[PDB]
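Student: Provided herewith is a single structure, encoded as structure tokens, for subsequent inquiry.
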Amino acid sequence: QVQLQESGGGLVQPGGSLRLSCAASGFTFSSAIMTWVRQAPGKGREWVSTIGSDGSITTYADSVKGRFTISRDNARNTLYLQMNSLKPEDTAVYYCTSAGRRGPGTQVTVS
Amino acid sequence: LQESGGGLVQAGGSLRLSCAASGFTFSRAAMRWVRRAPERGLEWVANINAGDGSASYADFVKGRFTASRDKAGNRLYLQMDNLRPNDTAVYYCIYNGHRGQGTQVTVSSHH
Amino acid sequence: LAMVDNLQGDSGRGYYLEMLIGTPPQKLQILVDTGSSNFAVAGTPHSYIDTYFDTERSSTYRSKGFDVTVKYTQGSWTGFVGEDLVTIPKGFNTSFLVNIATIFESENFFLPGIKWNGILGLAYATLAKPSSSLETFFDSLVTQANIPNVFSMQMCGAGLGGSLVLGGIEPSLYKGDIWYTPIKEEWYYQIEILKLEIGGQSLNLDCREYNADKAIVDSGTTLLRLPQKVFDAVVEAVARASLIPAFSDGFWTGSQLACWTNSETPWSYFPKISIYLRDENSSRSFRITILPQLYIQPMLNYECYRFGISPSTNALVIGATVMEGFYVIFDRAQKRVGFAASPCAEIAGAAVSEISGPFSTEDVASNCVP
Ligand SMILES: [Cl-]
């Protein structure tokens with residue numbers, strides 16, 4: 001079945017940067033829509049970004065537009081999220097998701 | 001039900017008898033045509049089964065008659081071609097539990 | 001509240017939602033189907049549709065480079081699988097990147113008279129074609145719109161519109177209490193049926209006959225479908241409790257219609273039908289009751305009616321005919337289906353359905369699903 005694994009999370013100061021990765025297996029990644037979703041403590045789950053199977057079509061939540069960039073390398077079966085100009089509001093577990101399945105997550109903390 | 005379309009016809013002529021439903025009814029109902037001939041009495045003419053109607057005729061009809069129904073399934077027709085003086089009778093339609101009053105069909109020997 | 005009265009149609013011609021597809025947006029009429037899991041639109045002209053989605057006119061449309069064939073109970077279609085942006089005008093004020101199949105060939109799918117030109121499969125990932133890994137519309141919406149994994153339907157077209165609430169329950173669409181039945185399997189909305197009663201009289205059947213091979217809640221099925229054995233028992237019970245002295249055999253199969261003259265209605269000649277469903281506490285059940293107004297359907301001043309129940313090979317299907325009497329909650333997050341009294345479900349100022357409970361399950365097995 002569908003396998004997803006996120007990495008690149010850490011603890012940074014406000015204004016910091018992080019590069020998240022998601023490794024995928026068990027399905028044809030090069031034919032799948034990919035999404036980043038986040039879960040912050042004490043708040044509901046929040047959509048971050050979506051990328052079409054070939055990488056040309058991208059959408060972003062208003063709260064992350066201009067700061068974050070979603071990308072994918074289909075040959076390497078990996079999805080990315082470049083997180084720049086980080087703020088405390090961005091503290092959350094970030095998940096990589098497709099067709100109802102998520103990865104174990106990657107914790108991001110912004111002091 | 002009330003049969004219509006009968007009357008005086010010359011030998012070799014045609015007539016179309018019609019029959020319509022009255023009161024509560026089931027559409028495309030099983031039906032029967034029977035005639036009362038002077039001297040001979042009651043004679044079966046045709047049967048159409050309910051719904052997808054399989055039609056059957058008496059030995060004397062010899063491919064001359066075509067018993068049929070309307071699009072709604074509440075009206076019935078009996079097309080009679082190449083009429084003979086022996087076809088002179090009162091024709092009755094019998095539609096699922098009911099009977100009409102009869103229609104007189106007179107075929108002339110002279111004309 | 002934004003999603004209140006966002007559906008059009010009835011059980012016969014189907015309930016459909018307006019959707020804006022592509023860039024610049026193209027408006028389509030989409031059938032709401034809880035019995036399938038694919039989002040598909042007409043992509044070429046067809047004799048029984050006035051509009052189709054033209055992928056050449058969309059600047060955001062992308063092809064996956066492969067086909068898909070989807071077969072239903074009545075009908076089938078073959079289409080190219082792609083991706084594009086979609087907005088639901090009545091409810092959401094943002095676009096979503098979803099998988100979309102564009103139909104180029106169909107067999108008994110787009111029928112004459114229908115007002116819809118696409119289908120919205122609202123069931124689980126398990127039923128998605130070519131595979132479960134093809135993200136369903138509702139899975140895209142839950143993730144991208146930040147909504148709870150719940151949707152609800154209020155069908156208001158019984159006799160002579162409605163609401164699809166994506167993300168929740170609207171309290172103005174029901175009265176009284178919501179009764180919940182567990183979802184037994186996540187493919188179709190499979191629930192557990194315990195008993196059927198016609199005119200207060202229970203059928204002489206084992207509770208397993210009702211879940212042979214499954215009992216499902218499907219908005220894309222017109223009629224109430226019953227496994228042949230259940231169907232024969234219901235016909236026998238309906239005929240016995242009816243004021244119509246005798247029935248023609250073709251009425252039960254749909255080959256003959258029951259026609260009343262003058263302005264006369266049929267509903268006072270037929271009994272009520274009750275379906276018992278297991279509550280979330282397995283020791284209890286509730287029953288959903290439908291009056292003749294829901295299963296005796298309109299089609300010399302004649303008004304003709306068809307039997308709104310059909311036999312099935314291996315499934316009990318709670319069609320749009322039954323759903324027309326209730327506010328139905330598809331609570332995917334809590335693995336349950338909810339039923340409530342719908343104020344809009346009334347013909348000539350009278351209720352066409354009832355909901356009652358609780359009842360004891362002691363006289364029945366702890367599991368009726370074979
Ligand atoms: Cl796959």
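Residues are named by chain letter and number: chains run A, B, ... in the order of the structure tokens, numbers start at 1 in each chain, and ligands are numbered from 1 in the order shown.
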So which residues are near ligand 1, meaning at most 6 Å away with only C-alpha atoms and all ligand atoms counted, given back as a ChimeraX atom specification?

Tutor: /A:27-28 /C:133

Student: For residue 367 (chain C), list every protein, DNA or RNA residue within 12 Å, evaluated using only C-alpha atoms, and leave out those in the same chain fewer than 3 positions away; present the list as a PyMOL selection string.

Tutor: chain C and resi 182+184+191-194+206-208+210-211+277-278+282-283+361-362+364+370

Student: Using only C-alpha atoms and a distance of at most 12 Å, pull out the residues of chain C that contact chain B, as a PDB file with C-alpha atoms, in the first residue's frame.

Tutor:
ATOM      1  CA  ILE C 244     -56.706  -2.845  -4.099  1.00  0.00           C
ATOM      2  CA  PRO C 245     -58.584  -6.191  -4.429  1.00  0.00           C
ATOM      3  CA  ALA C 246     -56.203  -7.760  -7.004  1.00  0.00           C
ATOM      4  CA  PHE C 247     -52.897  -6.745  -8.658  1.00  0.00           C
ATOM      5  CA  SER C 248     -51.611  -7.555 -12.165  1.00  0.00           C
ATOM      6  CA  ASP C 249     -48.219  -9.344 -12.053  1.00  0.00           C
ATOM      7  CA  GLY C 250     -46.577  -6.703 -14.301  1.00  0.00           C
ATOM      8  CA  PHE C 251     -47.141  -3.945 -11.690  1.00  0.00           C
ATOM      9  CA  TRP C 252     -44.503  -5.553  -9.340  1.00  0.00           C
ATOM     10  CA  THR C 253     -41.901  -5.820 -12.196  1.00  0.00           C
ATOM     11  CA  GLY C 254     -42.532  -2.319 -13.682  1.00  0.00           C
ATOM     12  CA  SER C 255     -43.998  -3.698 -16.959  1.00  0.00           C
ATOM     13  CA  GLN C 256     -47.498  -2.352 -16.003  1.00  0.00           C
ATOM     14  CA  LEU C 257     -48.515   0.925 -14.218  1.00  0.00           C
ATOM     15  CA  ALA C 258     -51.480   1.499 -11.840  1.00  0.00           C
ATOM     16  CA  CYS C 259     -53.683   4.242 -13.362  1.00  0.00           C
ATOM     17  CA  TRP C 260     -56.306   6.338 -11.492  1.00  0.00           C
ATOM     18  CA  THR C 261     -58.818   8.539 -13.290  1.00  0.00           C
ATOM     19  CA  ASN C 262     -60.329  11.854 -12.115  1.00  0.00           C
ATOM     20  CA  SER C 263     -58.035  13.662  -9.576  1.00  0.00           C
ATOM     21  CA  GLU C 264     -57.797  10.566  -7.271  1.00  0.00           C
ATOM     22  CA  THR C 265     -54.523   9.692  -5.395  1.00  0.00           C
ATOM     23  CA  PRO C 266     -53.247   6.123  -4.687  1.00  0.00           C
ATOM     24  CA  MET C 299     -44.883   8.543 -14.302  1.00  0.00           C
ATOM     25  CA  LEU C 300     -58.718   9.907 -20.641  1.00  0.00           C
ATOM     26  CA  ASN C 301     -57.376  12.034 -17.671  1.00  0.00           C
ATOM     27  CA  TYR C 302     -55.151   9.242 -16.198  1.00  0.00           C
ATOM     28  CA  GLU C 303     -52.387   9.588 -13.616  1.00  0.00           C
ATOM     29  CA  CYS C 304     -50.172   6.453 -13.632  1.00  0.00           C
ATOM     30  CA  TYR C 305     -47.919   5.139 -10.892  1.00  0.00           C
ATOM     31  CA  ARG C 306     -45.085   2.636 -10.747  1.00  0.00           C
ATOM     32  CA  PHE C 307     -43.983   0.299  -7.949  1.00  0.00           C
TER      33      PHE C 307
END

Student: So which residues touch region 116-121 of chain C within 6 Å, counting only C-alpha atoms, skipping near sequence neighbours fewer than 3 positions away, as JSON, numbers by chain?

Tutor: {"C": [29, 30, 31, 32, 33, 34, 36, 37, 38, 39, 40, 41, 42]}

Student: Which is closest to chain A among C:46, C:64, C:27, C:272, if we use only C-alpha atoms?

Tutor: C:64

Student: Chain C residues within 7 Å of chain A, counting only C-alpha atoms: which ones, as a CSV table (one decimal) with C-alpha atoms, in the first residue's frame?

Tutor:
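So selection_28.csv came out as:
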chain,number,residue,atom,x,y,z
C,64,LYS,CA,-2.3,11.9,-16.6
C,133,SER,CA,-4.6,5.5,-5.0
C,134,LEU,CA,-6.6,7.9,-7.4
C,135,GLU,CA,-7.6,10.6,-4.9
C,136,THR,CA,-11.5,11.0,-4.6
C,139,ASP,CA,-10.7,13.4,0.1
C,143,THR,CA,-7.7,18.1,3.0
C,144,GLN,CA,-7.8,21.5,1.0
C,146,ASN,CA,-10.2,22.4,6.2

Student: Which residue, C:155, C:114, C:4, C:329, has the smallest gap to residue 49 (chain C) when you use only C-alpha atoms?

Tutor: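 Selected residue with least distance to residue 49 (chain C): C:114.
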